[PDB]
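Asks: sharing an experimental structure here, sequence included.
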Amino acid sequence: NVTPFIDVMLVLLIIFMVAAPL
Amino acid sequence: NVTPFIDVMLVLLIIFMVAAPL
Amino acid sequence: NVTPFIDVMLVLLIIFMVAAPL
Amino acid sequence: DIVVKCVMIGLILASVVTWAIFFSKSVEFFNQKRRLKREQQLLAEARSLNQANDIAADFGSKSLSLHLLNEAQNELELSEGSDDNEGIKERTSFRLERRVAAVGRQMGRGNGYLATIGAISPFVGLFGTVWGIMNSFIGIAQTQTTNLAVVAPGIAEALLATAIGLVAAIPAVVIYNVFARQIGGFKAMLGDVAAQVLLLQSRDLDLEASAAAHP
Amino acid sequence: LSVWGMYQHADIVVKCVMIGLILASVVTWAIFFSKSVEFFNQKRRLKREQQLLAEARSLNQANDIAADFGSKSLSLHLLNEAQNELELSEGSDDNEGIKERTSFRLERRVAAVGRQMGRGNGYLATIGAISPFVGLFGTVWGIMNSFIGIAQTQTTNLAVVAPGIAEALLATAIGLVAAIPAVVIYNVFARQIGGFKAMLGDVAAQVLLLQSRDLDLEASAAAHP
Amino acid sequence: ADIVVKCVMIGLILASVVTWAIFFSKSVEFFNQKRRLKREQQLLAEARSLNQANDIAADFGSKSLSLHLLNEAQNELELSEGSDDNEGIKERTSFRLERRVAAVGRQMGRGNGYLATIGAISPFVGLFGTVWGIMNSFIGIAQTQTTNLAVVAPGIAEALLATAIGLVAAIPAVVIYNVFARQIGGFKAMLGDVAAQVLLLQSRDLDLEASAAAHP
Amino acid sequence: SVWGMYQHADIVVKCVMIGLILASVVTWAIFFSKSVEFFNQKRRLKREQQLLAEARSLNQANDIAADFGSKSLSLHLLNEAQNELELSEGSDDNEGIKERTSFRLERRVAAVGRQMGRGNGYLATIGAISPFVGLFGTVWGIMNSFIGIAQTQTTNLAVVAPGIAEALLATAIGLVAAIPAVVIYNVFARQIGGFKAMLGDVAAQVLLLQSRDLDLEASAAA
Amino acid sequence: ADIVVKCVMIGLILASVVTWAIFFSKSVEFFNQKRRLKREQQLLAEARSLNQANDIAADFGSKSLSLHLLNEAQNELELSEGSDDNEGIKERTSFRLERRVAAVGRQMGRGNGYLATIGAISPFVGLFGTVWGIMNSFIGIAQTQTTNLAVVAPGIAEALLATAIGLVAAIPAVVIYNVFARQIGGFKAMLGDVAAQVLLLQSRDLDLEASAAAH
Amino acid sequence: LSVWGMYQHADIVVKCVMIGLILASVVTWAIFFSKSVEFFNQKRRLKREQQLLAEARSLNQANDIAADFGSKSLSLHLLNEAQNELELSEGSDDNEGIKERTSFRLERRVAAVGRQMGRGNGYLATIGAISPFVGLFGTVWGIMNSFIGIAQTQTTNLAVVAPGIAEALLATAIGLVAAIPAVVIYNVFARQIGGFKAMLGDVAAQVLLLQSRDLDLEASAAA
C-alpha cells in the first residue's frame, strides 16, 4: 500500500504546531 | 525492520513539550 | 529509511527552548 | 545572524542540487523514454530470434534492447552443444533480470538525495527561525520589556528561514514523485522487452527440440 | 468572513497559495469524477463478458462467444494473445512450454492493463504530498506579515495578529482541504484497481484453463486411440 | 456553534455510525457463514469417495460454497470425459479451486477498505475544526482583547472536542478492520481445508480408477 | 491517590479508565489460562515425541500410541495415516499415497496451528489500540481541564493542576494497559511457532514410518 | 520520588541485566559451537567412503552433531536392510537430514526470542518510564505555582534520561538478535554444508554398490 | 569552535559514546577499503581465469589450462571437485547420478564462496543499523547538560548556551557520517557480491557443461 506515506507529513504538521503557541 | 518503533516515542516527547512552556 | 534523522534536530530545538524562558 | 545566514545558504545549496538533478534526470528521461517504445513496436512482429536480430541490426549500440539481445546471443553461444535447454533458459532469465534490475538501479540514482532534501528542508528552516527567536527572546529578557513592537522584526526575519525551507522542500518532493513514477514505467517497458526476448528464446528452443525430435 | 472577502484581506503570496490550492482541489475532483465513471463502465463490461465466458467449454467455443464482444474488449485481447500463442507454436510438441509462455504473457498483460489503469493517481499522490506545504508557506508568510505589521507600528495587541492568524490558519485549513480528499480518492482508486486486476486475473485464468483443457484433450486424442 | 466545525463533526459522526453498521452486518452474516461452514465441513469430513460426497452434499443448500466447489470439480470431471491424462485434470482442478477460494475471499472483502479508509483519515479532520475554532477564538478575543489564559480556554475546549470526536471515529474502526481481517483469514484457511478435501476426493477416485483400469 | 483522582473525573474519564483496566484483566486472564495450557500441551507433545522416537514400523507406532489418550494429536496424526492406508487399499501408486498423506498432514498441522491461535486476535488489537485509547483519555482529560478553567474563569496554575494531572494519569494508565498485551502476544507467537515446528517433527516421523513401510512392502513385492 | 518511577527504573535495569547476561552466555555458546563445527567439518572434508567417515567420526565425542548425522545415515542403512529401492532410502535420508539440520537450527534459536521481546518491549516500558517521570516532573509544578522553569529545569531534565535508560537496554539487543539472526544464518548453512555431504558419501556408496551388483 | 574544544565542553558518558561513534566509523572505513580492493582483485582474477577457460571444450583441456592456476584459484577448486567426483565414482554405470552429485557439490561450493565473501558485512549491517540510534543515545547524554548549566548560570544567551547547540550538531553529524556511508557501502557490497556469485555460477555451469559433454561422449562411445 502506498497510503502510509502521510506519516512524515503528520510529523511536519505537528512540529509546525509546536512553534505556533511560542 | 524493527527500527520505526521510535515514532510513538517521538510523539510522546513532543506532547510532553507542548506542556512545558505553558 | 533515511527519514528518522530529524530526531537529534528535534532534541536540539527542544533544548534551545529550555533556555529561552529563563 | 551568521548561523541563520549559513542555514539560508544551506537551503540555497540543497535547492541548487534539486535544480541540477531535475535538469539531468529530466533530459535523460525525455531522450531515453520513447526509443524503447518504438523498438518494442518494431519487435512486436519478430517471431524468431534471428528475425529479431534482423530487426535489431539498425537499433544502434546504445539500444538497451540490443544489449538484451547481446545477452541472449551470449547465452546461445556459450551454451552451444548443451542438451539441457531449460537450464539455458533459467540462466538466461537470471542474466536478463540481473541486467534489467541493473539498468533500473543505474537510472534510479540521484533520487534518494531528493527524498532527503524534501524531507529535511522545512525543519532546518524552522531551526533558523527559532534561532531568530533566540535573538528576539534575548532582546526581551535583556531589555525587560512587555512590548512586542520592539521585538517583532527578529521573529519576522526568523520566519523567513522556514519560508525558504519550504521553498526548497516543495520541488524536491514533486520531482521525486514524478521521476519515481517515470522510472517505474521505464522498468515496466524494459521488463516487457526482456520478457519478449525470453519468449523468443523459448519459441526457438522449443521448435528446435521439436525439429530434433523427428527427422 | 466570506471566502472572497478573506481572499481580499489576504496577502498576494497567500493569494497565490490559495489559488494553487483550489486549482489542485478542482483537478482532484475532476480526476475523481472522470476515473470513477470510466472505471465503473469498465467493471460493468468486464463482469458482463466474464458472465458470458463462464459457459465456454472449448477455446474455439470461447472464440465463437467472443466474436461479438467489441473492439477494446480486453478479454477478447486475452483470447487474441492465446490465439497468438497457438499460432506461434505450430510445429511443436511441448504443451507445457505453451502453457508457460501463455501464462507468462497473460500475467504480463494483467500487469500492463493494471498500469494503464493508474494514469493520474500519482498526480493525486503528489497533490496529497504538497497540499500542506504551500499552505504552511502561506501560513508562515502570514505570521511574518503579522510581525511586519507589529514592527511597522510602535504598539502591539492581539488585533494586529488576528487577521494574520486568520490568514495563517486559513491557509493551513485550505491546505488540509486539498490534502484529505486527495488521499481518500487515492485510497479508493488503489483498492478498486487492485480488485479490478484480481478480476482480470480471474478472466485470464479462465482463458488459461480453456487452453489447458484443449491441449490436454488434443494430447489425449493424439496419444491413445 | 461553528459551521465548518459542525459539518466535520457530523461527517465524523456519520462515518462512525456507518462503521458501526458495517460491523453489525458483516458480523452477523460472517457468523452465519462460519456456523454453516463448520457444520458442513464436519459433515463432509467422513466420505470415502467423491460420489459419496455428492450424496452428502445433495442435502446441502443452494449457496453452500462447498457444494459450489463440488460443482467446479464435477465440471472438471465432465469437461475431461474421454481424456487420458489425470494429472492435467488435477492441475486444472487445483487451480480452479485456488481461483474460487480467492474469489470467495475477495467477496469477503466487500466494504472493509471503507473501514480502513475512515480509520486512516479520522485524526486529520477534528484537528481541522480545532484549528478553525482556535482561529475564531483568537479573532473574537482580539476584537474584544485580553492578556490572560482565562478568556481563551472555552474556545480551546470546544476546539479539542472535535479532535476527541476524531479519535472516537478513529480507533474502533481500526479495531473492526483488523478483527475482520484475521477472522476472514481463518475463514480462508477453513475454506482451503474444504477445497483441499475436495481435491483429495477427486485425486483418490482418479488414482483408484487408474489402478482399476491398469489391471483388468 | 489513584481512586481520589478517579473521584476527580467526569463520566468519560471513568468509562475509558474502566475500559483500560477491564481490557488489562482480560489480557492477564488470557495469559494465565493459555500459559498453563501451552505448558501442558508442550510437555505432553515432547513426552510423546520422545516415546515415538523409538518406533520403527507403523504397527509399532500403534503399539506405542495405544495409550496416548484421546486428544493426543500424535495419535490423531496416526489416525490420519491409518485413514490414508484404508483409502489406498486396492491401489498401486505408493507415491500418490505419500502425496495425499503428506498433504493431509500439512493441512492438519495448519489446523492445529489455527487451534493454538485463539484469543491472539484479541491480544494484537488490545496491544495495538491501547496507547491510542490512552491518548484519547488524555485528550478528554485535557478537555476536562479546560472545562474546569471555564468553570473557574481565572488564570492560575492551581486551577490547571488537577485536570492536567488527571489527563497525565490517563496517559499513564493507557500505557499500563498497552505494554503487557504486546508482551504476551509476542510470547504466544514464538511459542506457537515452536509448537507447530515440534508438531511438524512428529508428522515427519509419521511420514518416515509410512515411507519405510511402503517402500519395504514394495521391495518385498518384487 | 514515587513508587512507579522506581519500579520502572528497576524493571529497565533488570531488563538490561538479563539482556547482557543472555548476550555473554550465548556469545561464547555460539563461538565454541561454531568453532567446533568448523574444525569438525575440516576434519570430515577428507572422507572418501562412508566407513571412512565412520572412522573419522569415531573420535568426535557424543555431543558432536555431525556424529549424530552419521548416526542418522547409519540408521537409514540399518533400517532399510533387505530392500531393492535405494532411491527411497536416499529420499528418506535427505528428508531426515533436512529435518535434523532444521532441528539443530531450532535448538540454536532458543533464548534469542527472549532478547527480541526484550528489545521490542524495552521501548514501551521506557516511554512509560519517561511518562511517569514527566508526571513527577509535573504535578508539583502547578501545585507550587512554578512559572520560572529554572527551579524545575533539573525537574524536567532527566525524564530524557529515562529515554537514556531505555535505548541502550532497547535498541542493540534486537540488533544483537539480528546479529544472532545472521550468525545462525552463518551456522545453519555451515551445518547444511556437512549433512548433505553425508548424503553424497552415501549416494556414491550406494551407487558404487548397485553398479557392483550390475556386473 | 574546534571539535576537541567542544569535546572538552562535554562530560564523561557522551565522551565515551562519541569515542564509540568514531571507532565504529573508523572500523567501517577500514572494512570498506579492505574489502573493496579485495573484491577488485578477486574480480580481476576470476575474469582472467574465466576468459582463459571460455576456450576449453573438454575437461582434459580444462585441466591442461588449470595446471598453472594457483593454490587459492577457485576455478581450479571447481575442477578439483569435478575430478573428485570423477575419481570417487569410478566403476559406476549411472553417469546421471554423477552429474547430479557434481552439480550439487558445485552449488554447495558456490554457496560456500558466496558465504566466504560476506564475513565483515554482518558488522557492516550492524553498524548501519545502530549508527543513528547510538547517535541518538550520544545525543541524549550530550544534551542533558544545558539544563544543569543554565540552572548554574542564570544566563540565557550566546556562548553560555551555543556550544551546547554546536555540541549536538557535532554529536550527530558524526552519527550521519557513521550512518549513511555504512548503509551505502553495505548495499554496494551486496551488489558486488551478487555479481561475483553470478559470474561464479556461470563458471560452475561452464564446468558442468564441460564434464556433461565429456560424459555424454563417453556414454555414446560405450553404446
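Replies: Great, that's in hand. Numbering: from 1, shown residues only, chains lettered A, B, ... in the order given.
Asks: tell me, how many residues neighbour the residue of chain D found nearest chain C?
Replies: At 4.5 Å from chain C, residue D:137 is the closest residue in chain D, using CB to the nearest CB. Backbone N, C-alpha and C define where each C-beta goes, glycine included. By the measure other CB atoms under 10 Å in any protein chain shown, the count of residues near residue D:137 is 23.
Asks: one more: residue D:183?
Replies: Using other CB under 10 Å, residue D:183 has 17 other residues around it.
Asks: now for residue D:145: which residues touch it?
Replies: D:139, D:151 (CB atoms under 8 Å, 6 or more residues apart in numbering or on different chains).
Asks: and it, helix, strand or coil?
Replies: Using DSSP: H, G, I helix; E, B strand; the rest coil, the structure places residue D:145 in coil.
Asks: how near is it to chain H?
Replies: 18 Å (CB to the nearest CB, to the nearest Å).
Asks: and what of residue D:68?
Replies: From residue D:68 to chain H the distance is 33 Å (CB to the nearest CB).
Asks: again, but for residue D:157
Replies: 27 Å.
Asks: same thing with residue D:1?
Replies: Taking CB to the nearest CB as the measure, residue D:1 falls 24 Å from chain H.
Asks: got it, and residue D:49?
Replies: Distance from residue D:49 to chain H, by CB to the nearest CB: 38 Å.
Asks: repeat for residue A:15
Replies: According to CB to the nearest CB, residue A:15 stands 17 Å off from chain H.
Asks: now that residue, what's its secondary structure?
Replies: Secondary structure state of residue A:15, per three-state DSSP, is helix.
Asks: which elements pack onto the particular helix or strand that has the residue of chain D closest to chain C in it?
Replies: Following DSSP states H and E, one finds residue D:137 within helix D:112-143. In terms of contacts (3 or more CB pairs under 8 Å, 6 or more residues apart in numbering or on different chains; DSSP states H and E), helix D:112-143 is packed against helix A:7-17, helix C:7-17, helix D:2-32, helix D:152-213.
Asks: recalculate using a threshold of 7 Å.
Replies: Applying 3 or more CB pairs under 7 Å, 6 or more residues apart in numbering or on different chains; DSSP states H and E, one finds that helix D:112-143 contacts helix C:7-17, helix D:2-32, helix D:152-213.
Asks: now do the last one against helix E:121-152: the angle between them, please.
Replies: Here helix D:152-213 points in a direction 170 degrees away from that of helix E:121-152 (axes from the mean of the first three to the mean of the last three CA atoms, to 10 degrees).
Asks: got it, and the shortest one?
Replies: Computed by the same axes, to 10 degrees, the angle separating helix C:7-17 from helix E:121-152 equals 20 degrees.
Asks: is helix C:7-17 up against chain I anywhere?
Replies: Yes: judged by CB under 7 Å from any CB of the partner chain, helix C:7-17 comes into contact with chain I through C:7-8, C:11-12, C:15-16.
Asks: contacts for that helix, please.
Replies: Residues outside helix C:7-17 that contact it (CB atoms under 7 Å, 6 or more residues apart in numbering or on different chains): A:15, B:10, B:17, D:123, D:127, D:130, D:134, I:135-136, I:139, I:143, I:146, I:164-165, I:168-169, I:172, I:175.
Asks: also stretch D:73-83?
Replies: Contacts for stretch D:73-83 (CB under 7 Å, 6+ apart): D:88, D:91-92, D:95, I:209, I:213, I:216.
Asks: check which residues of it are buried.
Replies: D:75-76, D:78-79, D:82 (16 or more other CB atoms under 10 Å in any protein chain shown).
Asks: please apply the same query to stretch A:9-19.
Replies: Quick answer for stretch A:9-19 (16+ other CB under 10 Å): A:9, A:11-13, A:15-16, A:18-19.
Asks: what's the closest non-adjacent residue to residue D:119?
Replies: residue C:3 (5.6 Å; CB to CB, 6 or more residues apart in numbering or on different chains).
Asks: that neighbour: neighbour count?
Replies: Residues contacting residue C:3 under the criterion other CB under 10 Å number 13.
Asks: how much space between the residue in chain A that chain G sits nearest to and chain I?
Replies: Relative to chain G, the nearest point of chain A is residue A:14 (13.0 Å; CB to the nearest CB). Distance from residue A:14 to chain I, counting by CB to the nearest CB: 19 Å.
Asks: now chain A against chain F: closest residue?
Replies: Closest residue of chain A to chain F, CB to the nearest CB: residue A:3 (6.7 Å).
Asks: which bits of chain D sit near chain C?
Replies: Residues of chain D lying near chain C (CB under 7 Å from any CB): D:112, D:115-116, D:119, D:123, D:127, D:130, D:134, D:137.
Asks: picking up where we left off before, in the helix holding residue D:137, which residues are buried?
Replies: Buried residues in helix D:112-143, counting neighbours by 16+ other CB under 10 Å, are found at D:113-138, D:140-141.
Asks: and for stretch D:166-181?
Replies: Residues D:166-179, D:181 are the ones in stretch D:166-181 that count as buried (16+ other CB under 10 Å).
Asks: quick one: contacts of that stretch?
Replies: So stretch D:166-181 is contacted by D:11, D:14-15, D:18, D:22, D:25, D:111, D:114-115, D:117-118, D:121-122, D:125, E:122, E:125-126, E:129-130, E:133-134, E:136-137 (CB under 7 Å, 6+ apart).
Asks: redo the buried residues of stretch D:73-83 as CSV? Include secondary structure.
Replies: Below are these laid out as CSV (three-state DSSP):
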residue, secondary structure
D:75, helix
D:76, helix
D:78, helix
D:79, coil
D:82, coil
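Asks: contact partners for residue D:89?
Replies: D:201-202, D:205.
Asks: just confirm residue D:123 contacts residue C:5, I think it does.
Replies: No: applying CB atoms under 7 Å as the test, residue D:123 and residue C:5 come out as separate, 9.9 Å apart.
Asks: residues from chain D in reach of chain F?
Replies: Residues of chain D lying near chain F by CB under 7 Å from any CB: none.
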